[PDB]
Ligand SMILES: [Cu+]
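In the authors' numbering, the protein residues as written are 8 to 168.
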C-alpha cells in the first residue's frame, strides 16, 4: 500500500515516526509554508472538514501537514504556520533526505521551481491521505473536493471501516 515508515520532526521539536500518529484517524496533506494560494486553501478546507466530520460523526480526525520545503520550513516556521489553520494541526518536517523518503513512500511528486518574487516555490502533488487508527491507507482526496465532499467522504469511510 501507499505509505510506509518515516522518521520526521514534529512542530514541537520532538522526533516522530508513523507510530506517533497511531490511535486516531489521520489526514496527511503535503505542502510548503511559502505557498501563495494552493496550500492555505487546502488547509482551510481540511481544518473546516476536521470540525464538520466531528459534528456529524463524533470522530476526532487529526490533520497532518508534511513539508515538501525543508530548506525554508524549519520546526519554528512549521509551528507558527500550522497554529494559524486549526489548533489540532500537527506539522512534520525533516532533513531533505528524510522528506525525500516520506514523499517516495506516499508517491508524492515535489520539485523546486525558481521564482523572482519568492526565492523559489515547490511544485508538488495536491493530495490528502486518509490514514486509519492503525496508520493504514484508506482513501485519497484531490484538489477538486469541497469541505462538504471531503467531510461526507471521510465520514462514509470511517463508518464502513
Ligand atoms: Cu502548495
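Note that beta-carbon positions come from the ideal geometry of N, C-alpha and C, so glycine has one too.
| Hey, how far is the Cα of residue 103 from the Cα of residue 154? | For residue 103 and residue 154, the distance between alpha carbons rounds to 32 Å.
| said: Is it buried or exposed, residue 113, if we count other Cβ atoms within 10 angstroms and call 16 or more buried? | reply: Classification for residue 113: buried.
| query | Just to confirm, does residue 152 get its C-beta within under 7 Å of one of the non-hydrogen atoms of ligand 1? | reply | Relative to ligand 1, residue 152 has its C-beta separated by 7 Å or more from all heavy atoms.
| message | Less than 7 Å separating the Cβ of residue 45 from some heavy atom of ligand 1? | response | Residue 45: yes, Cβ under 7 Å from ligand 1.
| message | Shorter than 7 Å, the distance from the beta carbon of residue 11 to the closest heavy atom of ligand 1, or not? | response | Checking every heavy atom of ligand 1 against the Cβ of residue 11, none is found closer than 7 Å.
| field | Local conformation of residue 73 per DSSP, three classes | value | In the structure shown, the three-state DSSP call for residue 73 is strand.
| task | At 3 residues or longer, and completely inside the region 44-131: list those beta strand (DSSP E) runs for me, N to C. | result | You should have 68-74, 97-100, 117-121 and 127-131.
| query | From the DSSP output, which residues share a beta bridge with residue 24? | reply | DSSP, once it has assigned bridges, lists 14 as partnering residue 24.
| request: Report all residues from its chain with a CB closer than 8 Å to the CB of residue 138; omit the five preceding and five following residues, and keep chain order. | output: Answer for residue 138: 10, 28, 32, 33, 34, 35, 144 and 145, listed in chain order.
| request: Give the secondary structure of residue 38 by DSSP, where H, G and I count as helix, E and B as strand, and everything else as coil. | output: In this structure, residue 38 counts as strand in the three-state DSSP scheme.
| said: I believe residue 76 touches residue 39 by the beta-carbon criterion, under 8 Å. Please report the beta-carbon distance rounded to the nearest angstrom. | reply: That pair is a contact at about 4 Å.
| said: Does the contact criterion of 3 or more C-beta pairs under 8 Å hold for the region 95-110 versus the region 67-81? | reply: Counting Cβ pairs under 8 Å, three or more are found: they touch.
| task | Determine the direct distance from the alpha carbon of residue 142 to that of residue 26, and round the result to whole angstroms. | result | Rounded to whole angstroms, residue 26 to residue 142 spans 8 Å at the Cα level.
| message | Per the DSSP calculation, residue 137 is bridged to which residue(s)? | response | Answer is 34 and 146, bridged to residue 137.
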